[PDB]
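Working notes, beginning with the structure itself.
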Amino acid sequence: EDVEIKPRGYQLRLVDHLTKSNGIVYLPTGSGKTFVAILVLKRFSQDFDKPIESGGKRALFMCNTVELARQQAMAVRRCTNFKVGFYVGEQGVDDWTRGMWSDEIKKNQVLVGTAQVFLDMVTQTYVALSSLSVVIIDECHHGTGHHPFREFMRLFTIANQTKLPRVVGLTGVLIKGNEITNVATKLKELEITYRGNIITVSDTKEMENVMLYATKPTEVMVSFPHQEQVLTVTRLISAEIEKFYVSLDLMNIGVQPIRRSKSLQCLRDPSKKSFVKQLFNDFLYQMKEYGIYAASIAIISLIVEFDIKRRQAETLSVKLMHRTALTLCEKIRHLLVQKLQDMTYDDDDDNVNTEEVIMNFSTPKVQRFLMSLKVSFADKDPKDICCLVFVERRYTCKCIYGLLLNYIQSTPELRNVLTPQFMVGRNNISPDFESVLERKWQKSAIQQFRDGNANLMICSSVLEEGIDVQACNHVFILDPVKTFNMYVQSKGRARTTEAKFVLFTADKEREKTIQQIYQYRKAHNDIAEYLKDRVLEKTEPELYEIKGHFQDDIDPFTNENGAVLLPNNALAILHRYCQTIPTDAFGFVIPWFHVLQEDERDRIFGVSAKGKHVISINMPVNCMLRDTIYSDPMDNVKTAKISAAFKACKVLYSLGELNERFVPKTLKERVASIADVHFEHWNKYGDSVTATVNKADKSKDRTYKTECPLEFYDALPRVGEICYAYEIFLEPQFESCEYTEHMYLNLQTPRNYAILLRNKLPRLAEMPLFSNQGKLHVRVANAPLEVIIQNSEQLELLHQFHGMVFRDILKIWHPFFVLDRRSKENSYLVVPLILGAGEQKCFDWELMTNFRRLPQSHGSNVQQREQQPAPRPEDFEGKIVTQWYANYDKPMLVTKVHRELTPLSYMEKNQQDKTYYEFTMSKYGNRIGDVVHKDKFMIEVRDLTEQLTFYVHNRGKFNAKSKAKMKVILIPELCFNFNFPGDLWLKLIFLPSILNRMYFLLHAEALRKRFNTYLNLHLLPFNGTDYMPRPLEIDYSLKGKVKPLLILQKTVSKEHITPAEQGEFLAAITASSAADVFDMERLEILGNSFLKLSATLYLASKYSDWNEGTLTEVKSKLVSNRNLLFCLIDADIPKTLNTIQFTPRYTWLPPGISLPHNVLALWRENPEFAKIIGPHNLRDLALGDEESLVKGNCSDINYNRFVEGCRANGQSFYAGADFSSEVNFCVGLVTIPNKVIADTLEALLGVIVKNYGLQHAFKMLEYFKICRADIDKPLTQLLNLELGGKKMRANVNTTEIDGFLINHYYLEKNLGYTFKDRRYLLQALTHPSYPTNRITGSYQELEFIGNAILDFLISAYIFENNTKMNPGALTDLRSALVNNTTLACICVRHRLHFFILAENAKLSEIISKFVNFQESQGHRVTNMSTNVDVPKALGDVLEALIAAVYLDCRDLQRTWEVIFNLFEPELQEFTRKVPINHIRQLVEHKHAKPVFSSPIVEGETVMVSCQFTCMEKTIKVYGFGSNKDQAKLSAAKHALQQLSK
Amino acid sequence: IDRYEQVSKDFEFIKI
RNA sequence: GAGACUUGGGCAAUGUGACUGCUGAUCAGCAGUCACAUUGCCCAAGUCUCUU
RNA sequence: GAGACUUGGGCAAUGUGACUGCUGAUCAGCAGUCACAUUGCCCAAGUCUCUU
Ligand SMILES: Nc1ncnc2c1ncn2[C@@H]1O[C@H](COP(=O)(O)OP(=O)(O)O)[C@@H](O)[C@H]1O
Ligand SMILES: [Mg+2]
Ligand SMILES: [Mg+2]
Ligand SMILES: [Mg+2]
């Protein structure tokens, strides 16, 4: 700070003597004793930085008050180089640990704090006492009796009596109290307390120059008459006041705890009854003392404080009494002002009239005060005025201030110069008069006085000690001096020169006053006489003095680790420990004390304790010990009480309840009450409640295997069985045009290909199939045709036909495949059927007996064609051909026959005036010598498509394929012919797309049967059912009363349960990646919404003794995707999900064909070779035809090849390469991510809720062991699930309701739901700030469930009423409709803001300004001028109130009716353009990107500035608001308006 | 009593 | 009345602890959804090869 | 009917940004209710030694 810190003429020898032994300094205030304390710290600053465990030390600075603690903290920070710890209670100290304390000790070389904080620090032995080099004691004159200074000083004896810290005593006045006679008897008490000699400066005369900084002011006194005359109105009001006292004694407030006198004498009225008595007593005291005009302001103070107490009252009984008291104080004010106005008829000069009425109605004492002030100041300069005025009581200060403002305003000579102020002690009275409690004035009155803003200071005894103030020029002690120390220090507050000390005394009591002042003068002169007359000797060897001084009280207790309990500290710790018990409705959390009667003393301890009092301690009804403990015989009631408390503490600790710190023990966890019964199935998967994964996409993508459907396993027919054949119908939808002639006619042909099964198949609905010409509808025969394998060779021929079909006619084959007859996974056969006897179709054995080996296309020479017979025209009609001269082996379909055309053909568009013979000689004449059969026959042919996955909807477009296409004609003898009919070929192309829907349709049928069996639906429409065909999910982007909701209409009725269509389940199976016309994503949103509603309701019903915070933080993990994944894995469903895109050419394994069995064995049973063999090794297994179509396994050469494939992978750069991505389909494994699986879980939920209603859906949710059943009763409906308690219902009867519901029918006139129980309504309208929350609760638990209710109702309504909207807009629409702001607009439009009950400062006017904004804006939904804060409470009020409406009838239809009546305009305005978030809208711009600055705290508001390149200009705009999230929206609001250019 | 009794304006700040 | 001491109401000042309420900032979790940079699939317009 | 090829359009699987609806923890500021503890003070009553 400065180098002028050189010590005064005394402090050097002061600290020199302090070094030798303990000392106490007595120097007057303002003489820098804090500085000499810092000097002592400097002298004892040798061993500070070293740690205690290494022998280091620190220091301790003791304090008295938190304000003085801060003052000394600043004083030590300004001129020290060490580190100081500012330790104050009600924060940190009660929550710190030994590690934190030790670490602070390591850094802090010295500490400061109040006395009890250090007491708890040392007695609990955070650090050893010897760790402190010195102890600094302020206000050491308090170090007597049971004050904490003496208690701490007691610890020195019991501690290690070697290398003790030094103690220094500082006090402006050495003695506190009136036992000033024989002050030598008082000094030695404090001397032996610290066992150090008192020291005072010897050269007082020479250092009186420095003492001029604390100059003695002149002492004058003012004498006023004290005539006993009182007015009539005082007697008029006194009788009524005592009448009110009686009436209050007759009040009927609720029960109140035990309250009686200090020595446990007769009972005393409860605090809420006696506080008003005390207040009125003090008001009457002020009125009698200071005058009527004083009471004229005191009564306003009573009004303004009773209003606060009424506002802060919780029970309704208190409010009526406080309102009666307020009306009484209003009457008192009225009559006081009536007296004022009955006076003041003399003059019309309002200023002079006010001054003269103040002079008149003032009591003579206050009149003398006023005119003494007037003559002392006399319109001098404001800077010349700086003083303290001390009165006795706090309300005295307030009333004196209130009258002084009016007196000063009534005098122009003092108007511009006096600025009064007042402050008081701990009982913090409001510093305002005309306003309710809304003030926030951080700068306390001491700082205001230090700034010079105020010049005259009114204060109680709060300012007499400790607080450092400017050296004021005057001191006026309005109230009589009563104590020696206070007089000494008050005369010390006129610290400057030429100061004046004014005392106001009564005329008739002036003689005793001067006598008392003279006695005080003699005492103050005699205080130094003991030290001046003291015999020069040390203060050390008399340890017996200290021993006797501290052994008088009750002996303490100690144990291991040095923890010591102070017997004088037992009451606090007992009350704290007994306050941790779970209280009843009115259970008492305090011990009950009952002094034993006179002759019970011998009943327990004997006749030896007749005069020694004994008291029993009664534990609470929920204590660890329900018994009682009795006190030791002690000579007084208070010592008996403390002894009983100490013994109770000792027994409680010896029973192990209290820890070594003696602090009450705590609680560990609460959420784990349910985290064991709901999340127990994770452990078998390696997961737990507290385990989470956030790296490497672990627990996000998992490899799964698939199982064939239950109706395809072991389906391969054998000899001597009734085989079943289901034919396939392909119905053409596209019209018959020139382009669609073949695809129509040859697809309507009777010939079909069918499936032979050993099992049964259900009725599978028609599904669409999109091909190039258009869409095809496929249905399977309902009734199979029973056939029997009557020979092994017939089965062999059928199986060879199946294999060669898949090998050639579709080319869906791989070299390493083997014709399968052993494995039963998805194994079956496909066989054509033809008319053999009547309409029924038998086996077309002609085909299978011919096409064992498909006709191999080969070139024919002229000699061969010369020997080749002439083909008939019928030999090609409907057959399949291909050209052998060309390198192309592609099959070619015969379209039109030529019986009327010759090879020297006619003209064409391209080869005009040319024949086909000339064209073929010109083009391919190289490999044709001549056409030997050059007559009477060519063929008109058309090629056929190669695409197989006929799933995409738009691939079959024809708008641009409508253009002209060439007509192609070929010569027969140059094109090789197949006897196969293209009729069957065209249908056989579509096969894999049929099979990969049959697969998942059978899976969906199995799941449908399971979920109709578990929910016991086996009714009529579920056995003789007919399944509606496949629907199209158009929204997959691939091209007044209410209408009752269809989602819930199937809950109270059974006729409306629509049968669960198999198409819905198939949609629930197929993921997005499969890319079919239908998907699960639309049902996803509804399923998730129902899951949320059900989980919230279930948790809020089972745990009605929990808060919504724990409910949310548990239902988070219950509904989390991690939970759904493991749940559905437990359900073992993933074997029946459709994800992959159906790549048939590479991954779709043929049904009756698989790679060799030995390969399966030694590659699937071996973990070491699990995924080491890559597809490059697999493709090299080009086995023999007999090695792959009959034998069924690999040869030795192929054996070595595929056993060395993995080794070659391990000796090349292929080592470590992934061989699982779409190259592990051989074993049937599939890799699926978690999102898909969870989405299918609640997609099944959505299907079930849509078709079967809410009730059946919630019943099914039980099956997934997520909603655990209750032991008392397994589970009930989603409705009538009885929930409620002390947080969902008001805890008051019907009589108290109207006192909290001023208006109810006016809310009814708009809501429309007559409540049969208003408790829900009251609990919904009760804000947390409202005082009843401590006993009744808040609307939080209700908003939590109303949120889910409104969410699900809105989600269901938008789902059902809009059939072709993707979730991209569905969630946007519901979020816009559940956004908080539009909820506030709904609240204000329907005028629910009137009834909402809350009490907070900013909330008082935020609602009013928002409703004014809406009314001016015409109820315009923002979904905005001057960034007005939205009152987020109103939306939460609706959220809780919807739930309150629901619970009153437990029906959802009524809630939906009310919600629709509420939202009718909104659901017709939002559906048009679905307004989105404005920040989102701004970020949606292509190039006008935003960038937002940092938060700015430049004032009470916050703001952020943004930049956007509008018209490629680097513009900058800014927005203001209360919070960052408010300005950011408004900043965007301005910016988007700027884009209006 | 109808009204208080007024006090004399002049006095002395007598030393104590 | 002095001294010793007690009781009851009252005054001023000091401090601990419990409880909930409001606001602002920071950190992280849950469910739904959207915009910008990577592969695959299907089209618009146009060029070449191949097929009459 | 296919391939090659360009420009553009549309849809689905990775990395950033941001919105909605529940919330939690920490820090800070402000405010309420209640209990208890210590020093000193006057007022009224009472007991004893004691002066009268
Ligand atoms: N030797 C000194 N060096 C520097 N400042 C001093 C010295 N002596 C007194 N002061 C100043 O005088 C003021 C005295 O006030 P205070 O410290 O409250 O007195 P005390 O400590 O005696 O109560 C302090 O603000 C202090 O800064
Ligand atoms: Mg000071
Ligand atoms: Mg999902
Ligand atoms: Mg809310």
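Chain labels run A, B, ... following the order of the structure tokens; each chain numbers its residues from 1, and ligands are numbered from 1 in the order shown.
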
What does the list of residues within 8 Å of ligand 2 look like if you count only C-alpha atoms (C1' of nucleotides) and all ligand atoms, written as a PDB file with N, CA, C and O atoms, in the first residue's frame?
ATOM      1  N   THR A  29      -9.462   3.467  20.746  1.00  0.00           N
ATOM      2  CA  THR A  29      -9.805   3.160  19.365  1.00  0.00           C
ATOM      3  C   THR A  29      -9.219   4.200  18.418  1.00  0.00           C
ATOM      4  O   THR A  29      -9.034   5.368  18.772  1.00  0.00           O
ATOM      5  N   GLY A  30      -8.907   3.758  17.204  1.00  0.00           N
ATOM      6  CA  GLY A  30      -8.276   4.617  16.227  1.00  0.00           C
ATOM      7  C   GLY A  30      -6.788   4.804  16.404  1.00  0.00           C
ATOM      8  O   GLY A  30      -6.216   5.703  15.778  1.00  0.00           O
ATOM      9  N   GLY A  32      -4.514   2.311  15.819  1.00  0.00           N
ATOM     10  CA  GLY A  32      -3.777   1.354  15.018  1.00  0.00           C
ATOM     11  C   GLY A  32      -3.381   0.076  15.719  1.00  0.00           C
ATOM     12  O   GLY A  32      -2.308  -0.468  15.436  1.00  0.00           O
ATOM     13  N   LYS A  33      -4.212  -0.424  16.637  1.00  0.00           N
ATOM     14  CA  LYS A  33      -3.914  -1.701  17.273  1.00  0.00           C
ATOM     15  C   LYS A  33      -3.987  -2.853  16.278  1.00  0.00           C
ATOM     16  O   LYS A  33      -3.286  -3.861  16.437  1.00  0.00           O
ATOM     17  N   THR A  34      -4.820  -2.730  15.245  1.00  0.00           N
ATOM     18  CA  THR A  34      -4.773  -3.702  14.160  1.00  0.00           C
ATOM     19  C   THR A  34      -3.401  -3.701  13.502  1.00  0.00           C
ATOM     20  O   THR A  34      -2.869  -4.761  13.142  1.00  0.00           O
ATOM     21  N   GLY A 466     -16.403  -2.152  17.302  1.00  0.00           N
ATOM     22  CA  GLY A 466     -15.878  -2.856  16.131  1.00  0.00           C
ATOM     23  C   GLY A 466     -15.828  -2.147  14.798  1.00  0.00           C
ATOM     24  O   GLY A 466     -14.768  -2.093  14.169  1.00  0.00           O
ATOM     25  N   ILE A 467     -16.956  -1.604  14.345  1.00  0.00           N
ATOM     26  CA  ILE A 467     -17.024  -1.014  13.015  1.00  0.00           C
ATOM     27  C   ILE A 467     -16.209   0.272  12.981  1.00  0.00           C
ATOM     28  O   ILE A 467     -16.353   1.142  13.849  1.00  0.00           O
ATOM     29  N   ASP A 468     -15.346   0.396  11.973  1.00  0.00           N
ATOM     30  CA  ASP A 468     -14.499   1.569  11.818  1.00  0.00           C
ATOM     31  C   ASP A 468     -15.181   2.575  10.899  1.00  0.00           C
ATOM     32  O   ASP A 468     -15.608   2.226   9.793  1.00  0.00           O
ATOM     33  N   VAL A 469     -15.279   3.821  11.362  1.00  0.00           N
ATOM     34  CA  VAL A 469     -15.979   4.885  10.658  1.00  0.00           C
ATOM     35  C   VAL A 469     -15.065   6.106  10.643  1.00  0.00           C
ATOM     36  O   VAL A 469     -14.137   6.223  11.446  1.00  0.00           O
TER      37      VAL A 469
END

TODO: Dump the neighbourhood of ligand 1 as a ChimeraX atom specification: all residues within 9 Å, distances computed on only C-alpha atoms (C1' of nucleotides) and all ligand atoms.
DONE: /A:2-9,11,27-37,75,170-172,210,213-214,466-469

Write out as a tab-separated table the residues of chain D that have any atom within 12 Å of an atom of ligand 4, one row each with the nearest atom pair and its distance in Å to one decimal, counting only C-alpha atoms (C1' of nucleotides) and all ligand atoms, sorted by chain and then rising number.
residue	atom	partner	partner_atom_place_in_ligand_line	distance
D:20	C1'	ligand 4	1 (Mg)	11.6
D:21	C1'	ligand 4	1 (Mg)	8.0
D:22	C1'	ligand 4	1 (Mg)	7.8
D:23	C1'	ligand 4	1 (Mg)	10.2

TODO: Name each residue within 9 Å of ligand 3, counting only C-alpha atoms (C1' of nucleotides) and all ligand atoms, as a VMD selection string.
DONE: (chain A and resid 1081 1084 to 1085 1088 1121 1234 to 1240 1242) or (chain C and resid 31 to 32)

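Atom CA of residue 1198 of chain A lies 26.2 Å from atom CA of residue 810 of chain A.
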
Task: Two-atom distance - atom CA of residue 394 of chain A, atom CA of residue 328 of chain A (Å) - done: 22.1 Å

TODO: Tell me which protein, DNA and RNA residues are within 8 Å of residue 109 of chain A, counting only C-alpha atoms (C1' of nucleotides), leaving out same-chain ones fewer than 5 positions away, and put them as a ChimeraX atom specification.
DONE: /A:48-49,58-59,82-84

For the residues in that selection, give me N, CA, C and O atoms as a JSON list (two decimals), in the first residue's frame.
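out_10.json was written with the following content:
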[["chain", "number", "residue", "atom", "x", "y", "z"],
["A", 48, "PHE", "N", 6.21, -20.13, 8.35],
["A", 48, "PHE", "CA", 4.86, -20.14, 7.81],
["A", 48, "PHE", "C", 4.67, -21.04, 6.60],
["A", 48, "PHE", "O", 3.71, -21.82, 6.57],
["A", 49, "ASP", "N", 5.56, -20.98, 5.61],
["A", 49, "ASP", "CA", 5.33, -21.72, 4.37],
["A", 49, "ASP", "C", 5.57, -23.21, 4.51],
["A", 49, "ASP", "O", 5.06, -23.98, 3.69],
["A", 58, "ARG", "N", 1.77, -22.02, 11.33],
["A", 58, "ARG", "CA", 0.99, -20.93, 10.77],
["A", 58, "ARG", "C", 0.52, -20.05, 11.92],
["A", 58, "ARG", "O", 1.03, -20.14, 13.04],
["A", 59, "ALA", "N", -0.46, -19.19, 11.66],
["A", 59, "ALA", "CA", -1.03, -18.32, 12.67],
["A", 59, "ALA", "C", -2.55, -18.33, 12.56],
["A", 59, "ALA", "O", -3.12, -18.76, 11.55],
["A", 82, "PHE", "N", 1.48, -12.47, 2.89],
["A", 82, "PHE", "CA", 1.11, -13.86, 3.09],
["A", 82, "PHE", "C", -0.27, -14.10, 2.48],
["A", 82, "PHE", "O", -0.81, -13.26, 1.75],
["A", 83, "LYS", "N", -0.85, -15.26, 2.76],
["A", 83, "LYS", "CA", -2.18, -15.61, 2.27],
["A", 83, "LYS", "C", -3.12, -15.79, 3.45],
["A", 83, "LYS", "O", -2.76, -16.44, 4.44],
["A", 84, "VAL", "N", -4.31, -15.22, 3.34],
["A", 84, "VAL", "CA", -5.26, -15.13, 4.44],
["A", 84, "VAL", "C", -6.52, -15.90, 4.07],
["A", 84, "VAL", "O", -7.00, -15.80, 2.93]]

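The two atoms in question, atom CA of residue 1038 of chain A and atom CA of residue 955 of chain A, are spaced 10.9 Å apart.
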
Report as a Markdown table: every residue of chain C with an atom at most 9 Å from chain A, its closest pair of atoms, and their distance in Å to one decimal, counting only C-alpha atoms (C1' of nucleotides), with rows sorted by chain and ascending residue number.
| residue | atom | partner | partner_atom | distance |
| --- | --- | --- | --- | --- |
| C:7 | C1' | A:263 | CA | 8.0 |
| C:8 | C1' | A:261 | CA | 7.9 |
| C:11 | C1' | A:393 | CA | 7.6 |
| C:12 | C1' | A:461 | CA | 6.5 |
| C:13 | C1' | A:462 | CA | 6.3 |
| C:14 | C1' | A:65 | CA | 6.8 |
| C:15 | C1' | A:116 | CA | 7.7 |
| C:16 | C1' | A:89 | CA | 7.5 |
| C:17 | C1' | A:576 | CA | 6.6 |
| C:18 | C1' | A:579 | CA | 7.3 |
| C:19 | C1' | A:1334 | CA | 7.9 |
| C:20 | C1' | A:1334 | CA | 6.1 |
| C:21 | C1' | A:1329 | CA | 4.8 |
| C:22 | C1' | A:1400 | CA | 7.0 |
| C:24 | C1' | A:1523 | CA | 7.5 |
| C:29 | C1' | A:1116 | CA | 8.7 |
| C:30 | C1' | A:1116 | CA | 4.7 |
| C:31 | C1' | A:1120 | CA | 7.3 |
| C:32 | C1' | A:1371 | CA | 6.7 |
| C:33 | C1' | A:1371 | CA | 6.0 |
| C:34 | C1' | A:1368 | CA | 7.4 |
| C:35 | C1' | A:1484 | CA | 5.7 |
| C:41 | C1' | A:952 | CA | 8.9 |
| C:42 | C1' | A:955 | CA | 6.2 |
| C:43 | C1' | A:955 | CA | 8.0 |
| C:51 | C1' | A:968 | CA | 7.8 |
| C:52 | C1' | A:968 | CA | 3.7 |

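For chain B, the residues no farther than 6 Å from chain A when using only C-alpha atoms are residues 1, 13, 14, 15 and 16 of chain B.
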
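Contact shell of residue 48 of chain C at 12 Å (only C-alpha atoms (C1' of nucleotides); same-chain neighbours under 5 positions omitted): residues 3, 4, 5 and 6 of chain D.
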
Using only N, CA and C atoms (P, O5', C5', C4', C3', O3' and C1' of nucleotides), please write the residues we just selected to a file, as a PDB file, in the first residue's frame.
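Listing of part09.pdb after writing:
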ATOM      1  P     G D   3     -26.421 -51.001 -67.395  1.00  0.00           P
ATOM      2  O5'   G D   3     -24.944 -50.725 -67.914  1.00  0.00           O
ATOM      3  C5'   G D   3     -24.004 -51.784 -68.021  1.00  0.00           C
ATOM      4  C4'   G D   3     -22.931 -51.463 -69.027  1.00  0.00           C
ATOM      5  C3'   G D   3     -22.318 -50.079 -68.915  1.00  0.00           C
ATOM      6  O3'   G D   3     -21.339 -49.996 -67.894  1.00  0.00           O
ATOM      7  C1'   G D   3     -22.839 -50.527 -71.175  1.00  0.00           C
ATOM      8  P     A D   4     -21.245 -48.684 -66.973  1.00  0.00           P
ATOM      9  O5'   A D   4     -20.245 -47.739 -67.770  1.00  0.00           O
ATOM     10  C5'   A D   4     -19.126 -48.282 -68.451  1.00  0.00           C
ATOM     11  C4'   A D   4     -18.666 -47.361 -69.549  1.00  0.00           C
ATOM     12  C3'   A D   4     -18.655 -45.886 -69.192  1.00  0.00           C
ATOM     13  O3'   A D   4     -17.505 -45.515 -68.455  1.00  0.00           O
ATOM     14  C1'   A D   4     -19.663 -46.182 -71.309  1.00  0.00           C
ATOM     15  P     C D   5     -17.659 -44.603 -67.143  1.00  0.00           P
ATOM     16  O5'   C D   5     -18.170 -43.212 -67.722  1.00  0.00           O
ATOM     17  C5'   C D   5     -17.461 -42.587 -68.777  1.00  0.00           C
ATOM     18  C4'   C D   5     -18.156 -41.351 -69.280  1.00  0.00           C
ATOM     19  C3'   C D   5     -18.840 -40.481 -68.250  1.00  0.00           C
ATOM     20  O3'   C D   5     -17.943 -39.757 -67.433  1.00  0.00           O
ATOM     21  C1'   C D   5     -20.155 -40.599 -70.211  1.00  0.00           C
ATOM     22  P     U D   6     -18.451 -39.182 -66.024  1.00  0.00           P
ATOM     23  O5'   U D   6     -19.076 -37.768 -66.402  1.00  0.00           O
ATOM     24  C5'   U D   6     -18.350 -36.860 -67.214  1.00  0.00           C
ATOM     25  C4'   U D   6     -19.226 -35.748 -67.732  1.00  0.00           C
ATOM     26  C3'   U D   6     -20.135 -35.087 -66.716  1.00  0.00           C
ATOM     27  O3'   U D   6     -19.457 -34.183 -65.865  1.00  0.00           O
ATOM     28  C1'   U D   6     -21.341 -35.488 -68.704  1.00  0.00           C
TER      29        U D   6
END
